[PDB]
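Following: one structure in structure tokens, then a few remarks.
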Amino acid sequence: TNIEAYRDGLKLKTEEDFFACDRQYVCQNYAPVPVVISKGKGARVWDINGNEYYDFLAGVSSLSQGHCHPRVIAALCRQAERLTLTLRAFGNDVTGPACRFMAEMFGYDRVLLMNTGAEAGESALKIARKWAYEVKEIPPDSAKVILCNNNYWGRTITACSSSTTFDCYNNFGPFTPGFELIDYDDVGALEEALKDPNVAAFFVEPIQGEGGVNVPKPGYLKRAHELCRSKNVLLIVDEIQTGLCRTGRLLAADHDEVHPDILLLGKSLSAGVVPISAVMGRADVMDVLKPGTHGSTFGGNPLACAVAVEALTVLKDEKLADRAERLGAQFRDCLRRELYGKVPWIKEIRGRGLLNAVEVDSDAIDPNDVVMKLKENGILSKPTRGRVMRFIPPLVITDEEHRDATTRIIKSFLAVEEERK
Amino acid sequence: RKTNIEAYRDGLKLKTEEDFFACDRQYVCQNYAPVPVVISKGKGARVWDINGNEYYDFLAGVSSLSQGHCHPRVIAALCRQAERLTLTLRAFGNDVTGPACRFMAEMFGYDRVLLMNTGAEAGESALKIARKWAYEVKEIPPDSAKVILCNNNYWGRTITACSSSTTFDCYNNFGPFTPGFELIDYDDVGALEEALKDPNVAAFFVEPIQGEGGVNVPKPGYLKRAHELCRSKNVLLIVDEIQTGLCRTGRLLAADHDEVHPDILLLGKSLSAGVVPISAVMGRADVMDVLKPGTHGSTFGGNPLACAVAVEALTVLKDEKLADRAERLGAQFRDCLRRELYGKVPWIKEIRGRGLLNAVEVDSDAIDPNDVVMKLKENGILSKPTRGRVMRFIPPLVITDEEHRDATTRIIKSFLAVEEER
């Protein structure tokens, strides 16, 4: 194909040839791990030299079904030969059914399909504001949305305006007003913020992903929802990274028996094949988006809908939530037993399901040394906040692969501690 | 062997178009007022409904389907790459993203390529780049950056895009808004010159032809004059070619009509031939390099599947000489509609466009716009107006000579029939 023919013509043999190409032509907004991946299958990837690795990032939980899941790729191909895009300006024979499928799977009246996670977040903020002005009847332009320090939901200007991460907002203002930032995992702070009747919504992650896999105290989300409901404030739960079986339940909110007023999904919703995200909620909230008040060229395109239905079905068929629960408990147990005490620079081992992290002390060790040693041992991952090592493999990882990977991971921390001496 | 969507849909027993309309009303967020047609397949310039009725698609994803529905080369490239690798994230290298960026950098003449997913993301990204550049290179005061745009502009649905829109339904009840935008009339060099006196302006963000605003073609020299004014004040010219680029107007970029090379170029829509959402922001090194590691990202932006598709989609544009095709057919389209409709149909305000980005604006007082839309559908033409009264004719560029002659006759027939029935 054209990409293959063009690449051949470039005579890119070595990993360095590729690194140089990326440095010259690609916007330099990433500091990638130095590997050149050419193929993915399941929990494994291979570089251009045939070296194999376990992918322990999985698209930050976009690849829960593994790389190139056969069923998802067959669903993609089948629909792609037929029809890929109509616009929501015209009806089609896939969008409605796919929305019904999601509505029933998650228990919501209405499904808004967008492309990216950031778009789902923006759309939920628009819904929450418009609902607050039209249904709660709060004063024009006074709507407030409460979010948490260290939250991450995207890179639009409005997301930058609601971030507390320096690099995410610095020099990108002026900023969108209307946000109240409170500490994460702090019910007392939320209770206080909720005293303001201009609050439209509280927007939160069940586990802060980019913030460093921050697992809140028992009852947090349950308590939060009761406080919000008490004040007629919408609970917007972002499950883009925590949802779809990654934490051992269909939704991470299920850990607290919470049904979000507005749910956000994305990432694994497409098994990492094409960008698709969703915003779901009750009729009286979602219906505020009247014709012409919101839209998207590719949102709900038939190709993405066909992929999403397949991707969601794979989660249920392969019992990936039970897999994540079982393997994750094992991973944490092994790491805590074999690394705590032996490795003094490990601050904490935490997570739920297969959303796990190892926070290291960056004053006691170079975290990049851990990253490189892991790769040397066949494990590929990328930390968040420099010091929080992340272990987010595809959920389809086999028992043997997971055992092999756990062993490699443990060996890597140990080799960095021995090298410290 | 049925895939899940197929089996699930079969279980719903949806036989008529009305069964589908009802499913959509119940479960799909009702933010669209769709045309009553249920499309099941598309090939080239044609689509077919669930009952096998053929239609010409004259919206083409608002120029997302320039290469036609399901272009076989593009679908083949998708299927090939999808069996190999679809997503790595930019946290890891791969054997596709760099090459695809180089391919684009060379085709459009830019140092660096930022790949995102949607058009709105491209525009957001560009605004962030312009702001950051203004703060760091122009050294304007903190939080004082301004961006000039035009009334009736359309670039997205994010809160920041709403904050810079003059369309009521786009911004109403979605505030409070992102500050930092100065709105001026489109196609008004004097208004731009005045707005450029503010030294805190970082950029002027403009479409070479306003798309959602009504296929508003500016006067001769507009974009060229704009660029000179922007250069004079060290203000970046951000040109949005998401709808106008990629051969739609008869040239690779609509900016080529004025020999303007945008400081920052935005592409999207037909960049993927309508197969998967991919968009691009391109610019010179000292502008794009303000996005340092960790200051911007995207999960799917630059994914290998989208990159393979894009390179095939762009190659189709060149190989099939679609810019020439657009130029030739589009000139014939406006010529035929003017010769057969001006005078004979009095409620037509103007027939305008460039290449195959054409519109027929009607006087919504003298006629009900929707009667034209329905008559067009009766005659096998699917279209969607903008601003109610602006009829749009945006077919895939791959439409054959025979298909285009046929379609033009059907459109003219539809306008005259609404007139006879008037």
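Ligands are numbered from 1 in the order shown, residues from 1 within each chain, and chains are lettered A, B, ... in the order they appear in the structure tokens.
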Exercise. Hey, what's within 10 Å of stretch 307-318 of chain A if we count only C-alpha atoms and toss same-chain stuff fewer than 4 positions away? As an MDAnalysis selection string, please?
Worked result: (chainID A and resid 63:65 69 71:80 97:99 101:102 105 244:246 250 266 268:277 302:303 322:323 395:396) or (chainID B and resid 3:6 8)
Let's have the selection written as a tab-separated table (two decimals), in the first residue's frame, with N, CA and C atoms.
```tsv
chain	number	residue	atom	x	y	z
A	63	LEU	N	-6.39	-0.52	24.84
A	63	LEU	CA	-6.21	-1.81	24.22
A	63	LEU	C	-6.50	-2.96	25.19
A	64	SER	N	-7.59	-2.85	25.90
A	64	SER	CA	-7.94	-3.89	26.86
A	64	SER	C	-8.19	-5.21	26.21
A	65	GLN	N	-8.72	-5.18	24.98
A	65	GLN	CA	-8.96	-6.39	24.23
A	65	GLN	C	-7.74	-6.93	23.49
A	69	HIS	N	-7.32	-7.41	17.87
A	69	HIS	CA	-8.19	-8.50	18.28
A	69	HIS	C	-8.90	-8.98	17.01
A	71	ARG	N	-11.68	-10.48	16.19
A	71	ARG	CA	-13.09	-10.16	15.99
A	71	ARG	C	-13.30	-8.70	15.71
A	72	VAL	N	-12.57	-7.85	16.43
A	72	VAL	CA	-12.75	-6.41	16.22
A	72	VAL	C	-12.26	-6.04	14.80
A	73	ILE	N	-11.11	-6.57	14.39
A	73	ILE	CA	-10.60	-6.30	13.07
A	73	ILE	C	-11.52	-6.85	11.97
A	74	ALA	N	-12.16	-7.99	12.19
A	74	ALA	CA	-13.09	-8.54	11.22
A	74	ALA	C	-14.34	-7.65	11.17
A	75	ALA	N	-14.75	-7.09	12.31
A	75	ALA	CA	-15.96	-6.20	12.32
A	75	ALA	C	-15.64	-4.91	11.57
A	76	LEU	N	-14.44	-4.38	11.82
A	76	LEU	CA	-13.94	-3.19	11.11
A	76	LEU	C	-13.95	-3.45	9.62
A	77	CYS	N	-13.33	-4.54	9.19
A	77	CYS	CA	-13.20	-4.77	7.77
A	77	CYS	C	-14.56	-4.94	7.07
A	78	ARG	N	-15.44	-5.64	7.73
A	78	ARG	CA	-16.76	-5.93	7.17
A	78	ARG	C	-17.54	-4.66	6.95
A	79	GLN	N	-17.56	-3.81	7.96
A	79	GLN	CA	-18.31	-2.57	7.83
A	79	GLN	C	-17.60	-1.59	6.88
A	80	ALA	N	-16.28	-1.62	6.87
A	80	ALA	CA	-15.54	-0.67	6.05
A	80	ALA	C	-15.75	-0.86	4.56
A	97	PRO	N	-28.95	1.44	16.11
A	97	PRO	CA	-28.77	0.18	16.80
A	97	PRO	C	-27.57	0.17	17.75
A	98	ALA	N	-26.43	0.75	17.35
A	98	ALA	CA	-25.27	0.74	18.23
A	98	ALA	C	-25.54	1.54	19.50
A	99	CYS	N	-26.25	2.65	19.36
A	99	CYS	CA	-26.62	3.43	20.54
A	99	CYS	C	-27.58	2.66	21.46
A	101	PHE	N	-27.69	-0.53	21.70
A	101	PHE	CA	-26.85	-1.55	22.34
A	101	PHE	C	-26.13	-1.01	23.59
A	102	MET	N	-25.51	0.17	23.47
A	102	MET	CA	-24.83	0.81	24.60
A	102	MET	C	-25.79	1.26	25.68
A	105	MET	N	-26.67	-1.76	27.56
A	105	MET	CA	-25.52	-2.33	28.29
A	105	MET	C	-25.19	-1.53	29.55
A	244	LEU	N	-14.88	-0.19	31.46
A	244	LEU	CA	-14.80	-1.31	30.57
A	244	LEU	C	-13.85	-2.40	31.05
A	245	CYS	N	-14.06	-2.83	32.29
A	245	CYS	CA	-13.43	-3.99	32.90
A	245	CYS	C	-12.01	-3.82	33.43
A	246	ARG	N	-11.36	-2.70	33.14
A	246	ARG	CA	-9.96	-2.48	33.56
A	246	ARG	C	-9.75	-2.63	35.07
A	250	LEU	N	-17.38	-3.82	35.29
A	250	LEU	CA	-17.72	-3.20	34.00
A	250	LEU	C	-17.36	-1.70	34.04
A	266	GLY	N	-14.62	5.79	26.52
A	266	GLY	CA	-13.79	6.05	25.37
A	266	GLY	C	-12.74	4.96	25.36
A	268	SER	N	-10.84	2.00	25.31
A	268	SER	CA	-11.20	0.62	24.98
A	268	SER	C	-12.55	0.37	24.38
A	269	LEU	N	-13.40	1.41	24.34
A	269	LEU	CA	-14.70	1.36	23.70
A	269	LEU	C	-14.54	0.92	22.23
A	270	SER	N	-13.36	1.18	21.63
A	270	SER	CA	-13.06	0.76	20.25
A	270	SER	C	-11.95	-0.30	20.15
A	271	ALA	N	-11.55	-0.83	21.30
A	271	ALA	CA	-10.45	-1.80	21.34
A	271	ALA	C	-9.19	-1.18	20.70
A	272	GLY	N	-9.06	0.14	20.76
A	272	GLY	CA	-7.86	0.83	20.22
A	272	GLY	C	-7.75	0.89	18.70
A	273	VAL	N	-8.86	0.60	18.02
A	273	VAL	CA	-8.86	0.53	16.57
A	273	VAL	C	-9.13	1.85	15.86
A	274	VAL	N	-10.12	2.58	16.33
A	274	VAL	CA	-10.49	3.90	15.82
A	274	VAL	C	-10.99	4.73	17.03
A	275	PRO	N	-10.83	6.06	16.98
A	275	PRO	CA	-11.29	6.90	18.07
A	275	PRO	C	-12.85	7.00	18.19
A	276	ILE	N	-13.38	6.51	19.28
A	276	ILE	CA	-14.81	6.64	19.59
A	276	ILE	C	-14.96	6.79	21.08
A	277	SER	N	-15.82	7.73	21.46
A	277	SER	CA	-16.10	7.99	22.84
A	277	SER	C	-17.62	8.17	22.93
A	302	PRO	N	-20.76	5.07	11.10
A	302	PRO	CA	-21.01	3.63	11.10
A	302	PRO	C	-19.83	2.71	11.30
A	303	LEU	N	-18.67	3.08	10.81
A	303	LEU	CA	-17.51	2.20	11.01
A	303	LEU	C	-17.15	2.08	12.50
A	322	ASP	N	-13.46	-10.31	35.23
A	322	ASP	CA	-13.02	-11.35	36.16
A	322	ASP	C	-11.52	-11.58	35.96
A	323	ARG	N	-11.06	-11.57	34.74
A	323	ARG	CA	-9.64	-11.69	34.48
A	323	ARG	C	-8.83	-10.55	35.12
A	395	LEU	N	-6.09	-6.75	29.01
A	395	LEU	CA	-6.75	-7.68	29.91
A	395	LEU	C	-6.77	-9.09	29.38
A	396	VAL	N	-6.62	-9.23	28.07
A	396	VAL	CA	-6.57	-10.54	27.45
A	396	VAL	C	-5.24	-11.25	27.72
B	3	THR	N	-21.04	-10.44	12.23
B	3	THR	CA	-20.35	-9.68	13.28
B	3	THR	C	-21.43	-9.21	14.29
B	4	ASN	N	-21.00	-8.70	15.44
B	4	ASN	CA	-21.93	-8.40	16.48
B	4	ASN	C	-22.97	-7.36	16.13
B	5	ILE	N	-22.56	-6.30	15.43
B	5	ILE	CA	-23.54	-5.26	15.08
B	5	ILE	C	-24.62	-5.85	14.19
B	6	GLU	N	-24.22	-6.73	13.29
B	6	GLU	CA	-25.15	-7.37	12.37
B	6	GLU	C	-26.17	-8.22	13.12
B	8	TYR	N	-26.87	-8.18	16.30
B	8	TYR	CA	-27.67	-7.39	17.21
B	8	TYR	C	-28.77	-6.68	16.48
```
For this session: Please identify all polymer residues within 8 Å of stretch 370-378 of chain B, counting only C-alpha atoms, omitting same-chain residues fewer than 2 positions from it, and present them as a ChimeraX atom specification.
Result: /B:55,367-368,380-385,388,391,410-411,414-415,417-418
For this session: Return the single residue from B:288, B:150, B:120, B:87 that is closest to residue B:267, with distances computed using only C-alpha atoms.
Result: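 With only C-alpha atoms as the atom set, the closest residue is B:120.
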Exercise. Using only C-alpha atoms, which residues sit within 8 Å of residue B:314 once same-chain residues fewer than 4 positions away are excluded, as a list in words?
Worked result: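 My list of contacting residues is residues 246, 271, 272, 310 and 318 of chain B.
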Exercise. Which residues in stretch 96-299 of chain A does DSSP call strand (DSSP E or B)? List them as a PyMOL selection string.
Worked result: chain A and resi 110-114+144-148+179-182+199-204+208+214+234-238+262-265+277-281
Include C-alpha atoms and write out the residues we just selected as an mmCIF file, in the first residue's frame.
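Result file is selection_24.cif:
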```
data_model
loop_
_atom_site.group_PDB
_atom_site.id
_atom_site.type_symbol
_atom_site.label_atom_id
_atom_site.label_comp_id
_atom_site.auth_asym_id
_atom_site.auth_seq_id
_atom_site.Cartn_x
_atom_site.Cartn_y
_atom_site.Cartn_z
ATOM 1 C CA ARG A 110 -29.620 8.516 25.521
ATOM 2 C CA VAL A 111 -26.115 8.011 24.027
ATOM 3 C CA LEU A 112 -24.091 10.804 22.462
ATOM 4 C CA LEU A 113 -21.243 9.341 20.326
ATOM 5 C CA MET A 114 -18.130 11.503 19.871
ATOM 6 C CA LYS A 144 -19.886 26.265 37.985
ATOM 7 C CA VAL A 145 -18.327 22.794 37.623
ATOM 8 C CA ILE A 146 -16.329 21.230 40.456
ATOM 9 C CA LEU A 147 -13.311 19.141 39.465
ATOM 10 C CA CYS A 148 -10.365 17.639 41.362
ATOM 11 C CA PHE A 179 -14.349 25.774 37.512
ATOM 12 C CA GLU A 180 -13.826 25.111 41.226
ATOM 13 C CA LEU A 181 -10.908 22.857 42.010
ATOM 14 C CA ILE A 182 -10.923 20.759 45.188
ATOM 15 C CA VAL A 199 -22.816 24.435 40.797
ATOM 16 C CA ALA A 200 -24.053 22.416 37.836
ATOM 17 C CA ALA A 201 -21.910 19.299 38.132
ATOM 18 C CA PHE A 202 -19.077 17.506 39.925
ATOM 19 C CA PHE A 203 -16.747 15.866 37.348
ATOM 20 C CA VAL A 204 -14.518 13.143 38.651
ATOM 21 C CA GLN A 208 -7.198 9.337 38.944
ATOM 22 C CA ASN A 214 -4.732 7.569 42.797
ATOM 23 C CA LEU A 234 -25.017 16.195 38.304
ATOM 24 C CA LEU A 235 -22.281 13.608 39.024
ATOM 25 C CA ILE A 236 -20.259 13.297 35.804
ATOM 26 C CA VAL A 237 -18.044 10.189 36.113
ATOM 27 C CA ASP A 238 -15.139 9.868 33.712
ATOM 28 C CA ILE A 262 -23.524 11.407 33.134
ATOM 29 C CA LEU A 263 -21.154 8.630 32.148
ATOM 30 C CA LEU A 264 -18.146 9.073 29.896
ATOM 31 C CA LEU A 265 -16.534 6.147 27.960
ATOM 32 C CA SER A 277 -16.095 7.990 22.842
ATOM 33 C CA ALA A 278 -19.580 8.247 24.461
ATOM 34 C CA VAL A 279 -21.504 10.437 26.796
ATOM 35 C CA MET A 280 -24.632 8.805 28.268
ATOM 36 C CA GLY A 281 -27.313 10.064 30.560
#
```
For this session: Tell me, in Å to one decimal, how far atom CA of residue B:182 is from atom CA of residue A:126.
Result: 22.3 Å
For this session: Give me, please, the distance in Å between atom CA of residue B:21 and atom CA of residue A:90, quoted to one decimal.
Result: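 Spanning atom CA of residue B:21 to atom CA of residue A:90 is a straight-line distance of 10.6 Å.
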